[PDB]
>>> print(open('my_file.cif').read())   # mmCIF, N, CA and C atoms and all ligand atoms
data_structure
loop_
_atom_site.label_atom_id
_atom_site.label_comp_id
_atom_site.auth_asym_id
_atom_site.auth_seq_id
_atom_site.Cartn_x
_atom_site.Cartn_y
_atom_site.Cartn_z
N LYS A 1 35.16 -8.75 24.68
CA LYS A 1 35.80 -7.44 24.66
C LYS A 1 35.47 -6.64 23.39
N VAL A 2 34.60 -7.18 22.55
CA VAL A 2 34.17 -6.47 21.35
C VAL A 2 32.79 -5.88 21.59
N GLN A 3 32.58 -4.63 21.16
CA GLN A 3 31.24 -4.06 21.21
C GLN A 3 30.71 -3.87 19.80
N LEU A 4 29.43 -4.16 19.62
CA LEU A 4 28.80 -4.05 18.31
C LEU A 4 27.73 -2.97 18.32
N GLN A 5 27.56 -2.28 17.20
CA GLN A 5 26.48 -1.30 17.06
C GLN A 5 25.79 -1.44 15.70
N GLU A 6 24.53 -1.83 15.70
CA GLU A 6 23.80 -1.94 14.45
C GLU A 6 23.11 -0.63 14.07
N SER A 7 22.98 -0.40 12.77
CA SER A 7 22.25 0.76 12.26
C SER A 7 21.46 0.39 11.01
N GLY A 8 20.54 1.25 10.61
CA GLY A 8 19.76 1.02 9.41
C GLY A 8 18.52 0.21 9.72
N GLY A 9 17.89 -0.34 8.68
CA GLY A 9 16.73 -1.18 8.88
C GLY A 9 15.45 -0.37 8.88
N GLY A 10 14.38 -0.95 9.42
CA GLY A 10 13.10 -0.28 9.46
C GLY A 10 12.15 -0.69 8.35
N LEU A 11 11.21 0.20 8.03
CA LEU A 11 10.14 -0.10 7.10
C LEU A 11 10.58 0.14 5.66
N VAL A 12 10.16 -0.73 4.76
CA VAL A 12 10.53 -0.60 3.35
C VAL A 12 9.48 -1.26 2.46
N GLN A 13 9.27 -0.71 1.27
CA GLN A 13 8.27 -1.25 0.35
C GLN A 13 8.81 -2.47 -0.38
N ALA A 14 7.96 -3.47 -0.58
CA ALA A 14 8.32 -4.64 -1.38
C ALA A 14 8.93 -4.24 -2.72
N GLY A 15 9.99 -4.94 -3.11
CA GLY A 15 10.70 -4.62 -4.33
C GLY A 15 11.79 -3.57 -4.11
N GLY A 16 11.72 -2.88 -2.98
CA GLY A 16 12.64 -1.81 -2.67
C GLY A 16 13.96 -2.28 -2.07
N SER A 17 14.78 -1.32 -1.64
CA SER A 17 16.12 -1.60 -1.13
C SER A 17 16.35 -0.99 0.24
N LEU A 18 17.20 -1.64 1.03
CA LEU A 18 17.45 -1.20 2.38
C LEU A 18 18.86 -1.63 2.80
N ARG A 19 19.58 -0.76 3.50
CA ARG A 19 20.91 -1.09 3.99
C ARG A 19 20.92 -1.27 5.49
N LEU A 20 21.53 -2.37 5.95
CA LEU A 20 21.88 -2.53 7.36
C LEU A 20 23.38 -2.33 7.51
N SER A 21 23.81 -1.81 8.65
CA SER A 21 25.24 -1.73 8.93
C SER A 21 25.52 -2.14 10.37
N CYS A 22 26.75 -2.56 10.62
CA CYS A 22 27.14 -2.96 11.96
C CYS A 22 28.58 -2.53 12.16
N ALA A 23 28.82 -1.74 13.20
CA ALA A 23 30.16 -1.26 13.50
C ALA A 23 30.70 -1.92 14.76
N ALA A 24 31.96 -2.35 14.69
CA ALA A 24 32.58 -3.02 15.83
C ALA A 24 33.78 -2.24 16.36
N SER A 25 34.09 -2.45 17.63
CA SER A 25 35.30 -1.91 18.22
C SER A 25 35.78 -2.83 19.34
N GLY A 26 37.09 -2.88 19.54
CA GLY A 26 37.63 -3.58 20.69
C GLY A 26 38.43 -4.80 20.30
N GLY A 27 38.26 -5.25 19.05
CA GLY A 27 38.92 -6.45 18.59
C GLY A 27 39.94 -6.17 17.52
N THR A 28 40.21 -7.17 16.69
CA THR A 28 41.07 -6.99 15.54
C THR A 28 40.21 -7.23 14.30
N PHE A 29 39.50 -6.18 13.90
CA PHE A 29 38.49 -6.26 12.87
C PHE A 29 38.99 -6.89 11.56
N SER A 30 40.18 -6.51 11.12
CA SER A 30 40.68 -6.91 9.81
C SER A 30 40.87 -8.42 9.64
N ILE A 31 40.97 -9.17 10.74
CA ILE A 31 41.17 -10.62 10.60
C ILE A 31 39.92 -11.43 10.87
N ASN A 32 38.81 -10.77 11.19
CA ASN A 32 37.63 -11.50 11.63
C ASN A 32 36.53 -11.56 10.59
N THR A 33 35.62 -12.51 10.77
CA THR A 33 34.49 -12.71 9.87
C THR A 33 33.27 -12.03 10.44
N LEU A 34 32.61 -11.24 9.59
CA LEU A 34 31.40 -10.55 9.96
C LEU A 34 30.23 -11.05 9.13
N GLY A 35 29.04 -10.98 9.72
CA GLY A 35 27.87 -11.43 9.01
C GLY A 35 26.58 -11.05 9.67
N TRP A 36 25.51 -11.67 9.18
CA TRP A 36 24.16 -11.43 9.66
C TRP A 36 23.39 -12.73 9.78
N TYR A 37 22.62 -12.85 10.86
CA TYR A 37 21.56 -13.86 10.96
C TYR A 37 20.22 -13.12 11.04
N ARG A 38 19.12 -13.85 10.96
CA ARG A 38 17.83 -13.21 11.17
C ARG A 38 16.82 -14.18 11.79
N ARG A 39 15.81 -13.63 12.45
CA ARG A 39 14.72 -14.44 12.94
C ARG A 39 13.40 -13.84 12.46
N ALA A 40 12.76 -14.53 11.53
CA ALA A 40 11.46 -14.14 10.99
C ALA A 40 10.35 -14.69 11.88
N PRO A 41 9.21 -13.97 11.96
CA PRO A 41 8.09 -14.29 12.87
C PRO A 41 7.78 -15.78 13.00
N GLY A 42 7.63 -16.47 11.88
CA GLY A 42 7.29 -17.88 11.96
C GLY A 42 8.44 -18.80 12.38
N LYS A 43 9.65 -18.26 12.44
CA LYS A 43 10.85 -19.09 12.36
C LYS A 43 11.85 -18.92 13.51
N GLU A 44 12.88 -19.76 13.50
CA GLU A 44 14.01 -19.59 14.41
C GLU A 44 15.14 -18.88 13.67
N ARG A 45 16.07 -18.30 14.43
CA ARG A 45 17.25 -17.64 13.90
C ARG A 45 17.92 -18.49 12.82
N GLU A 46 18.29 -17.86 11.70
CA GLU A 46 18.97 -18.54 10.60
C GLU A 46 20.08 -17.68 9.98
N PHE A 47 21.08 -18.35 9.43
CA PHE A 47 22.15 -17.70 8.68
C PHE A 47 21.60 -16.86 7.54
N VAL A 48 22.16 -15.66 7.33
CA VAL A 48 21.79 -14.88 6.15
C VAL A 48 23.00 -14.66 5.24
N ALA A 49 24.09 -14.14 5.81
CA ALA A 49 25.29 -13.84 5.03
C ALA A 49 26.50 -13.67 5.92
N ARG A 50 27.68 -13.91 5.36
CA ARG A 50 28.92 -13.56 6.05
C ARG A 50 30.00 -13.19 5.04
N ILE A 51 31.06 -12.55 5.53
CA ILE A 51 32.17 -12.12 4.68
C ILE A 51 33.48 -12.27 5.46
N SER A 52 34.44 -12.96 4.84
CA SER A 52 35.70 -13.27 5.51
C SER A 52 36.60 -12.05 5.58
N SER A 53 37.66 -12.13 6.38
CA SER A 53 38.65 -11.06 6.43
C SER A 53 39.13 -10.70 5.02
N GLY A 54 39.21 -11.70 4.15
CA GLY A 54 39.71 -11.51 2.80
C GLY A 54 38.68 -11.09 1.75
N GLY A 55 37.46 -10.81 2.19
CA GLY A 55 36.43 -10.33 1.29
C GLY A 55 35.60 -11.42 0.63
N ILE A 56 35.82 -12.67 1.01
CA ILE A 56 35.05 -13.78 0.45
C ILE A 56 33.63 -13.76 1.01
N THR A 57 32.62 -13.79 0.14
CA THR A 57 31.24 -13.73 0.60
C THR A 57 30.53 -15.09 0.63
N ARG A 58 29.48 -15.17 1.43
CA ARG A 58 28.55 -16.30 1.38
C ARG A 58 27.15 -15.86 1.77
N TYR A 59 26.14 -16.41 1.07
CA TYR A 59 24.74 -16.03 1.26
C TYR A 59 23.87 -17.27 1.46
N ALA A 60 22.84 -17.15 2.29
CA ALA A 60 21.85 -18.22 2.39
C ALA A 60 21.06 -18.24 1.09
N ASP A 61 20.51 -19.40 0.74
CA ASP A 61 19.74 -19.55 -0.50
C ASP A 61 18.54 -18.61 -0.53
N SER A 62 17.99 -18.32 0.65
CA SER A 62 16.82 -17.45 0.75
C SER A 62 17.07 -16.02 0.26
N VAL A 63 18.33 -15.59 0.26
CA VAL A 63 18.63 -14.21 -0.11
C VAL A 63 19.63 -14.11 -1.27
N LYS A 64 20.13 -15.25 -1.72
CA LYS A 64 21.11 -15.25 -2.78
C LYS A 64 20.53 -14.69 -4.07
N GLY A 65 21.25 -13.75 -4.67
CA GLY A 65 20.78 -13.06 -5.86
C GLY A 65 20.12 -11.75 -5.51
N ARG A 66 19.91 -11.52 -4.21
CA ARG A 66 19.20 -10.31 -3.78
C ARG A 66 19.99 -9.45 -2.79
N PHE A 67 20.77 -10.09 -1.93
CA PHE A 67 21.51 -9.36 -0.90
C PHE A 67 22.99 -9.28 -1.24
N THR A 68 23.63 -8.16 -0.89
CA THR A 68 25.07 -8.06 -1.03
C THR A 68 25.70 -7.68 0.31
N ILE A 69 26.69 -8.46 0.74
CA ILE A 69 27.39 -8.12 1.98
C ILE A 69 28.77 -7.58 1.64
N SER A 70 29.21 -6.58 2.39
CA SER A 70 30.50 -5.93 2.14
C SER A 70 31.07 -5.38 3.44
N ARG A 71 32.34 -5.01 3.42
CA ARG A 71 32.99 -4.54 4.63
C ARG A 71 33.94 -3.40 4.35
N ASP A 72 34.12 -2.54 5.35
CA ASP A 72 35.05 -1.43 5.26
C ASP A 72 35.95 -1.50 6.48
N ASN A 73 37.11 -2.13 6.34
CA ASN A 73 38.00 -2.30 7.50
C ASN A 73 38.41 -0.94 8.06
N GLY A 74 38.42 0.07 7.19
CA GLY A 74 38.73 1.43 7.60
C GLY A 74 37.79 1.98 8.65
N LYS A 75 36.53 1.55 8.62
CA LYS A 75 35.52 2.03 9.57
C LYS A 75 35.02 0.94 10.52
N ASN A 76 35.69 -0.21 10.53
CA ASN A 76 35.24 -1.36 11.32
C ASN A 76 33.76 -1.65 11.12
N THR A 77 33.32 -1.62 9.86
CA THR A 77 31.90 -1.77 9.58
C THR A 77 31.63 -2.86 8.56
N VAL A 78 30.58 -3.64 8.80
CA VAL A 78 30.06 -4.55 7.80
C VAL A 78 28.71 -3.98 7.30
N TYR A 79 28.41 -4.20 6.02
CA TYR A 79 27.16 -3.73 5.43
C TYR A 79 26.36 -4.86 4.83
N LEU A 80 25.04 -4.82 5.00
CA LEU A 80 24.17 -5.72 4.27
C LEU A 80 23.24 -4.90 3.38
N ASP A 81 23.45 -4.97 2.08
CA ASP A 81 22.59 -4.25 1.15
C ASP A 81 21.52 -5.19 0.63
N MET A 82 20.28 -4.90 0.99
CA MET A 82 19.17 -5.79 0.69
C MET A 82 18.36 -5.23 -0.47
N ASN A 83 18.15 -6.05 -1.49
CA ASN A 83 17.40 -5.63 -2.67
C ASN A 83 16.24 -6.57 -2.93
N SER A 84 15.31 -6.13 -3.78
CA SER A 84 14.18 -6.97 -4.17
C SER A 84 13.47 -7.53 -2.95
N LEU A 85 13.21 -6.66 -1.97
CA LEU A 85 12.74 -7.12 -0.66
C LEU A 85 11.30 -7.60 -0.74
N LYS A 86 11.00 -8.64 0.04
CA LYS A 86 9.64 -9.18 0.11
C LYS A 86 9.28 -9.52 1.55
N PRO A 87 7.97 -9.71 1.83
CA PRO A 87 7.53 -9.99 3.20
C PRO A 87 8.24 -11.17 3.87
N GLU A 88 8.77 -12.11 3.09
CA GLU A 88 9.53 -13.22 3.65
C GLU A 88 10.80 -12.71 4.35
N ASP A 89 11.20 -11.48 4.04
CA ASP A 89 12.40 -10.87 4.61
C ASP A 89 12.12 -10.07 5.88
N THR A 90 10.85 -9.88 6.21
CA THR A 90 10.46 -9.24 7.46
C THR A 90 10.99 -10.06 8.63
N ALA A 91 11.82 -9.44 9.46
CA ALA A 91 12.53 -10.17 10.52
C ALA A 91 13.36 -9.24 11.38
N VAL A 92 13.88 -9.80 12.47
CA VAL A 92 14.92 -9.15 13.26
C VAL A 92 16.28 -9.64 12.76
N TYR A 93 17.12 -8.69 12.35
CA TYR A 93 18.44 -8.99 11.81
C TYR A 93 19.51 -8.74 12.88
N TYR A 94 20.37 -9.73 13.09
CA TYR A 94 21.44 -9.65 14.09
C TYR A 94 22.83 -9.65 13.46
N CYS A 95 23.63 -8.65 13.80
CA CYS A 95 25.03 -8.60 13.38
C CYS A 95 25.82 -9.73 14.06
N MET A 96 26.75 -10.34 13.32
CA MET A 96 27.61 -11.40 13.86
C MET A 96 29.08 -11.04 13.69
N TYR A 97 29.86 -11.24 14.75
CA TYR A 97 31.29 -10.99 14.74
C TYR A 97 31.96 -12.30 15.14
N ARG A 98 32.44 -13.06 14.15
CA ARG A 98 33.10 -14.34 14.42
C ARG A 98 34.58 -14.08 14.63
N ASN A 99 35.06 -14.38 15.84
CA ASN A 99 36.36 -13.91 16.30
C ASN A 99 37.47 -14.91 16.07
N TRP A 100 38.58 -14.43 15.54
CA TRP A 100 39.78 -15.24 15.45
C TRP A 100 40.89 -14.67 16.34
N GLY A 101 40.65 -13.48 16.88
CA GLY A 101 41.61 -12.85 17.78
C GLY A 101 41.25 -13.06 19.23
N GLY A 102 41.73 -12.19 20.11
CA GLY A 102 41.40 -12.29 21.52
C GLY A 102 39.96 -11.90 21.81
N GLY A 103 39.39 -12.48 22.87
CA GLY A 103 38.02 -12.21 23.27
C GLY A 103 37.16 -13.47 23.24
N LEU A 104 35.84 -13.29 23.18
CA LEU A 104 34.92 -14.42 23.06
C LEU A 104 34.99 -14.99 21.63
N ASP A 105 34.43 -16.19 21.41
CA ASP A 105 34.55 -16.82 20.09
C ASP A 105 33.66 -16.11 19.07
N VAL A 106 32.55 -15.56 19.55
CA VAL A 106 31.60 -14.86 18.69
C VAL A 106 30.85 -13.82 19.52
N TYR A 107 30.44 -12.73 18.87
CA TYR A 107 29.61 -11.70 19.48
C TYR A 107 28.39 -11.47 18.60
N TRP A 108 27.26 -11.16 19.22
CA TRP A 108 26.01 -10.93 18.49
C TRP A 108 25.45 -9.55 18.78
N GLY A 109 24.88 -8.92 17.75
CA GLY A 109 24.21 -7.64 17.93
C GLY A 109 22.89 -7.84 18.64
N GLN A 110 22.27 -6.74 19.04
CA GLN A 110 21.02 -6.81 19.80
C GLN A 110 19.83 -7.07 18.89
N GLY A 111 20.00 -6.83 17.59
CA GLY A 111 18.95 -7.08 16.62
C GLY A 111 18.29 -5.82 16.10
N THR A 112 18.04 -5.79 14.80
CA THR A 112 17.41 -4.65 14.14
C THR A 112 16.23 -5.13 13.30
N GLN A 113 15.06 -4.54 13.51
CA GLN A 113 13.86 -4.90 12.75
C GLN A 113 13.90 -4.38 11.32
N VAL A 114 13.55 -5.26 10.40
CA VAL A 114 13.25 -4.86 9.04
C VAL A 114 11.83 -5.29 8.74
N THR A 115 11.00 -4.37 8.26
CA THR A 115 9.61 -4.69 7.94
C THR A 115 9.31 -4.31 6.50
N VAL A 116 8.85 -5.29 5.72
CA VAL A 116 8.52 -5.09 4.31
C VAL A 116 7.01 -4.87 4.16
N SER A 117 6.63 -3.79 3.50
CA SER A 117 5.23 -3.45 3.28
C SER A 117 4.89 -3.61 1.81
N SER A 118 3.61 -3.47 1.48
CA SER A 118 3.19 -3.52 0.09
C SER A 118 3.92 -2.47 -0.75
N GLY A 119 3.97 -2.72 -2.06
CA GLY A 119 4.62 -1.82 -3.00
C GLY A 119 3.73 -0.67 -3.45
CL CL B 1 36.93 -4.73 16.23
CL CL B 2 28.28 -18.12 10.14
CL CL B 3 26.92 -17.75 -1.62
NA NA B 4 39.76 -0.63 11.20
#
>>> encode(input="my_file.cif", output="structure tokens")
Amino acid sequence: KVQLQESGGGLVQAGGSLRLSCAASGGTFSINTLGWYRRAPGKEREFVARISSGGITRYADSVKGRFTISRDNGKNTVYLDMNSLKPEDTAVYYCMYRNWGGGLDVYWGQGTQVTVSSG
């Protein structure tokens, strides 16, 4: 019963910065965990980041020190601010909505491409 909408992403120069966002509706946003996974060309889908209802963050080692995840319960939106980007970050990024309220246990976004080019 939750719908997700991803925004942002696209082409960006190595070393540069890029924001992804994901907006949800239909659930109880304030109590749920939001995050991102990604699938890079060589690889299978992997955890990138998540943020609890209470603002507690977690990052995969691959992006720790470079990515910041945040949320605005006012707009039902989660943000992924990506910095120091490199070709290893080229991938399809999927929004994640881990549910503690009514509905399915988890919902996934359709995926947003991020492509890192030379600097
Ligand atoms: Cl929601
Ligand atoms: Cl997770
Ligand atoms: Cl962490
Ligand atoms: Na809200």
>>> atom_distance(input="my_file.cif", atom1="atom N of residue 102 (chain A)", atom2="CA of residue 34 (chain A)")
14.6 Å
>>> atom_distance(input="my_file.cif", atom1="CA of residue 3 (chain A)", atom2="CA of residue 64 (chain A)")
28.3 Å
>>> closest_residue(input="my_file.cif", among="A:92, A:6, A:84, A:28", to="residue 41 (chain A)", atoms="only N, CA and C atoms")
A:92
>>> closest_atom_pairs(input="my_file.cif", of="chain A", to="ligand CL 3 (chain B)", cutoff="6.5 Å", atoms="only N, CA and C atoms and all ligand atoms", output="CSV")
residue,atom,partner,partner_atom,distance
A:57,C,B:CL3,CL,5.0
A:58,CA,B:CL3,CL,3.7
A:59,N,B:CL3,CL,3.1
A:60,N,B:CL3,CL,5.7
A:64,CA,B:CL3,CL,6.4
>>> residues_near_ligand(input="my_file.cif", ligand="ligand NA 4 (chain B)", cutoff="8 Å", atoms="only C-alpha atoms and all ligand atoms", output="list in words")
residues 28, 29, 30, 72, 73, 74, 75 and 76 of chain A
>>> write_last_selection(input="my_file.cif", atoms="N, CA and C atoms", output="PDB file, in the coordinates of the input")
ATOM      1  N   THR A  28      40.210  -7.170  16.690  1.00  0.00           N
ATOM      2  CA  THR A  28      41.070  -6.990  15.540  1.00  0.00           C
ATOM      3  C   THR A  28      40.210  -7.230  14.300  1.00  0.00           C
ATOM      4  N   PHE A  29      39.500  -6.180  13.900  1.00  0.00           N
ATOM      5  CA  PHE A  29      38.490  -6.260  12.870  1.00  0.00           C
ATOM      6  C   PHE A  29      38.990  -6.890  11.560  1.00  0.00           C
ATOM      7  N   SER A  30      40.180  -6.510  11.120  1.00  0.00           N
ATOM      8  CA  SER A  30      40.680  -6.910   9.810  1.00  0.00           C
ATOM      9  C   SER A  30      40.870  -8.420   9.640  1.00  0.00           C
ATOM     10  N   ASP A  72      34.120  -2.540   5.350  1.00  0.00           N
ATOM     11  CA  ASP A  72      35.050  -1.430   5.260  1.00  0.00           C
ATOM     12  C   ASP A  72      35.950  -1.500   6.480  1.00  0.00           C
ATOM     13  N   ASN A  73      37.110  -2.130   6.340  1.00  0.00           N
ATOM     14  CA  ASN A  73      38.000  -2.300   7.500  1.00  0.00           C
ATOM     15  C   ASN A  73      38.410  -0.940   8.060  1.00  0.00           C
ATOM     16  N   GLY A  74      38.420   0.070   7.190  1.00  0.00           N
ATOM     17  CA  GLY A  74      38.730   1.430   7.600  1.00  0.00           C
ATOM     18  C   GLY A  74      37.790   1.980   8.650  1.00  0.00           C
ATOM     19  N   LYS A  75      36.530   1.550   8.620  1.00  0.00           N
ATOM     20  CA  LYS A  75      35.520   2.030   9.570  1.00  0.00           C
ATOM     21  C   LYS A  75      35.020   0.940  10.520  1.00  0.00           C
ATOM     22  N   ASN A  76      35.690  -0.210  10.530  1.00  0.00           N
ATOM     23  CA  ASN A  76      35.240  -1.360  11.320  1.00  0.00           C
ATOM     24  C   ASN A  76      33.760  -1.650  11.120  1.00  0.00           C
TER      25      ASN A  76
END
>>> residues_around(input="my_file.cif", residues="residue 36 (chain A)", least_positions_apart="2", cutoff="7 Å", atoms="only N, CA and C atoms", output="list in words")
residues 34, 38, 46, 47, 48, 49, 50, 51, 93, 94, 95 and 96 of chain A
>>> residues_around(input="my_file.cif", residues="residue 83 (chain A)", least_positions_apart="2", cutoff="6.5 Å", atoms="all atoms listed in the file", output="PyMOL selection string")
chain A and resi 15-18+66-68+81+85-86
>>> closest_residue(input="my_file.cif", among="A:11, A:42, A:56, A:79", to="residue 23 (chain A)", atoms="only N, CA and C atoms")
A:79
>>> select_by_dssp(input="my_file.cif", residues="chain A", states="strand (DSSP E)", output="compact mmCIF listing (two decimals) with N, CA and C atoms, in the coordinates of the input")
# COMPACT_ATOMS: atom_id res chain seq x y z
N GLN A 3 32.58 -4.63 21.16
CA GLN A 3 31.24 -4.06 21.21
C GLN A 3 30.71 -3.87 19.80
N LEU A 4 29.43 -4.16 19.62
CA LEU A 4 28.80 -4.05 18.31
C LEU A 4 27.73 -2.97 18.32
N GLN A 5 27.56 -2.28 17.20
CA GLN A 5 26.48 -1.30 17.06
C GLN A 5 25.79 -1.44 15.70
N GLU A 6 24.53 -1.83 15.70
CA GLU A 6 23.80 -1.94 14.45
C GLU A 6 23.11 -0.63 14.07
N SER A 7 22.98 -0.40 12.77
CA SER A 7 22.25 0.76 12.26
C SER A 7 21.46 0.39 11.01
N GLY A 8 20.54 1.25 10.61
CA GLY A 8 19.76 1.02 9.41
C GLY A 8 18.52 0.21 9.72
N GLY A 10 14.38 -0.95 9.42
CA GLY A 10 13.10 -0.28 9.46
C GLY A 10 12.15 -0.69 8.35
N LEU A 11 11.21 0.20 8.03
CA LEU A 11 10.14 -0.10 7.10
C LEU A 11 10.58 0.14 5.66
N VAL A 12 10.16 -0.73 4.76
CA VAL A 12 10.53 -0.60 3.35
C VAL A 12 9.48 -1.26 2.46
N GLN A 13 9.27 -0.71 1.27
CA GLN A 13 8.27 -1.25 0.35
C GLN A 13 8.81 -2.47 -0.38
N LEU A 18 17.20 -1.64 1.03
CA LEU A 18 17.45 -1.20 2.38
C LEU A 18 18.86 -1.63 2.80
N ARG A 19 19.58 -0.76 3.50
CA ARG A 19 20.91 -1.09 3.99
C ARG A 19 20.92 -1.27 5.49
N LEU A 20 21.53 -2.37 5.95
CA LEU A 20 21.88 -2.53 7.36
C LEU A 20 23.38 -2.33 7.51
N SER A 21 23.81 -1.81 8.65
CA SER A 21 25.24 -1.73 8.93
C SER A 21 25.52 -2.14 10.37
N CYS A 22 26.75 -2.56 10.62
CA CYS A 22 27.14 -2.96 11.96
C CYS A 22 28.58 -2.53 12.16
N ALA A 23 28.82 -1.74 13.20
CA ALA A 23 30.16 -1.26 13.50
C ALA A 23 30.70 -1.92 14.76
N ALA A 24 31.96 -2.35 14.69
CA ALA A 24 32.58 -3.02 15.83
C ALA A 24 33.78 -2.24 16.36
N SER A 25 34.09 -2.45 17.63
CA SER A 25 35.30 -1.91 18.22
C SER A 25 35.78 -2.83 19.34
N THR A 33 35.62 -12.51 10.77
CA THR A 33 34.49 -12.71 9.87
C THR A 33 33.27 -12.03 10.44
N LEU A 34 32.61 -11.24 9.59
CA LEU A 34 31.40 -10.55 9.96
C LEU A 34 30.23 -11.05 9.13
N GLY A 35 29.04 -10.98 9.72
CA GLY A 35 27.87 -11.43 9.01
C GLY A 35 26.58 -11.05 9.67
N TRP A 36 25.51 -11.67 9.18
CA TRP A 36 24.16 -11.43 9.66
C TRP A 36 23.39 -12.73 9.78
N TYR A 37 22.62 -12.85 10.86
CA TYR A 37 21.56 -13.86 10.96
C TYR A 37 20.22 -13.12 11.04
N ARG A 38 19.12 -13.85 10.96
CA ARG A 38 17.83 -13.21 11.17
C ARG A 38 16.82 -14.18 11.79
N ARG A 39 15.81 -13.63 12.45
CA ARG A 39 14.72 -14.44 12.94
C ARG A 39 13.40 -13.84 12.46
N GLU A 46 18.29 -17.86 11.70
CA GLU A 46 18.97 -18.54 10.60
C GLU A 46 20.08 -17.68 9.98
N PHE A 47 21.08 -18.35 9.43
CA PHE A 47 22.15 -17.70 8.68
C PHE A 47 21.60 -16.86 7.54
N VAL A 48 22.16 -15.66 7.33
CA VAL A 48 21.79 -14.88 6.15
C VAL A 48 23.00 -14.66 5.24
N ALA A 49 24.09 -14.14 5.81
CA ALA A 49 25.29 -13.84 5.03
C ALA A 49 26.50 -13.67 5.92
N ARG A 50 27.68 -13.91 5.36
CA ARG A 50 28.92 -13.56 6.05
C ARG A 50 30.00 -13.19 5.04
N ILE A 51 31.06 -12.55 5.53
CA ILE A 51 32.17 -12.12 4.68
C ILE A 51 33.48 -12.27 5.46
N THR A 57 32.62 -13.79 0.14
CA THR A 57 31.24 -13.73 0.60
C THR A 57 30.53 -15.09 0.63
N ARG A 58 29.48 -15.17 1.43
CA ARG A 58 28.55 -16.30 1.38
C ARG A 58 27.15 -15.86 1.77
N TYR A 59 26.14 -16.41 1.07
CA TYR A 59 24.74 -16.03 1.26
C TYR A 59 23.87 -17.27 1.46
N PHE A 67 20.77 -10.09 -1.93
CA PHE A 67 21.51 -9.36 -0.90
C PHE A 67 22.99 -9.28 -1.24
N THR A 68 23.63 -8.16 -0.89
CA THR A 68 25.07 -8.06 -1.03
C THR A 68 25.70 -7.68 0.31
N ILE A 69 26.69 -8.46 0.74
CA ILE A 69 27.39 -8.12 1.98
C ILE A 69 28.77 -7.58 1.64
N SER A 70 29.21 -6.58 2.39
CA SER A 70 30.50 -5.93 2.14
C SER A 70 31.07 -5.38 3.44
N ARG A 71 32.34 -5.01 3.42
CA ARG A 71 32.99 -4.54 4.63
C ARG A 71 33.94 -3.40 4.35
N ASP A 72 34.12 -2.54 5.35
CA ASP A 72 35.05 -1.43 5.26
C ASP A 72 35.95 -1.50 6.48
N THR A 77 33.32 -1.62 9.86
CA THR A 77 31.90 -1.77 9.58
C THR A 77 31.63 -2.86 8.56
N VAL A 78 30.58 -3.64 8.80
CA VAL A 78 30.06 -4.55 7.80
C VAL A 78 28.71 -3.98 7.30
N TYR A 79 28.41 -4.20 6.02
CA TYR A 79 27.16 -3.73 5.43
C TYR A 79 26.36 -4.86 4.83
N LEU A 80 25.04 -4.82 5.00
CA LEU A 80 24.17 -5.72 4.27
C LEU A 80 23.24 -4.90 3.38
N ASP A 81 23.45 -4.97 2.08
CA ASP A 81 22.59 -4.25 1.15
C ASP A 81 21.52 -5.19 0.63
N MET A 82 20.28 -4.90 0.99
CA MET A 82 19.17 -5.79 0.69
C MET A 82 18.36 -5.23 -0.47
N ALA A 91 11.82 -9.44 9.46
CA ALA A 91 12.53 -10.17 10.52
C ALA A 91 13.36 -9.24 11.38
N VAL A 92 13.88 -9.80 12.47
CA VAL A 92 14.92 -9.15 13.26
C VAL A 92 16.28 -9.64 12.76
N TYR A 93 17.12 -8.69 12.35
CA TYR A 93 18.44 -8.99 11.81
C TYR A 93 19.51 -8.74 12.88
N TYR A 94 20.37 -9.73 13.09
CA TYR A 94 21.44 -9.65 14.09
C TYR A 94 22.83 -9.65 13.46
N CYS A 95 23.63 -8.65 13.80
CA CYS A 95 25.03 -8.60 13.38
C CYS A 95 25.82 -9.73 14.06
N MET A 96 26.75 -10.34 13.32
CA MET A 96 27.61 -11.40 13.86
C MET A 96 29.08 -11.04 13.69
N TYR A 97 29.86 -11.24 14.75
CA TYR A 97 31.29 -10.99 14.74
C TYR A 97 31.96 -12.30 15.14
N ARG A 98 32.44 -13.06 14.15
CA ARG A 98 33.10 -14.34 14.42
C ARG A 98 34.58 -14.08 14.63
N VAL A 106 32.55 -15.56 19.55
CA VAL A 106 31.60 -14.86 18.69
C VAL A 106 30.85 -13.82 19.52
N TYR A 107 30.44 -12.73 18.87
CA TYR A 107 29.61 -11.70 19.48
C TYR A 107 28.39 -11.47 18.60
N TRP A 108 27.26 -11.16 19.22
CA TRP A 108 26.01 -10.93 18.49
C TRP A 108 25.45 -9.55 18.78
N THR A 112 18.04 -5.79 14.80
CA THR A 112 17.41 -4.65 14.14
C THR A 112 16.23 -5.13 13.30
N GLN A 113 15.06 -4.54 13.51
CA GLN A 113 13.86 -4.90 12.75
C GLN A 113 13.90 -4.38 11.32
N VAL A 114 13.55 -5.26 10.40
CA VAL A 114 13.25 -4.86 9.04
C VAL A 114 11.83 -5.29 8.74
N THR A 115 11.00 -4.37 8.26
CA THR A 115 9.61 -4.69 7.94
C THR A 115 9.31 -4.31 6.50
N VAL A 116 8.85 -5.29 5.72
CA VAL A 116 8.52 -5.09 4.31
C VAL A 116 7.01 -4.87 4.16
N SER A 117 6.63 -3.79 3.50
CA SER A 117 5.23 -3.45 3.28
C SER A 117 4.89 -3.61 1.81
>>> axis_aligned_box(input="my_file.cif", around="region 2-21 of chain A", padding_each_side="3 Å", output="lines of an AutoDock Vina configuration file")
center_x = 21.3
center_y = -3.0
center_z = 9.1
size_x = 32.6
size_y = 14.4
size_z = 32.9
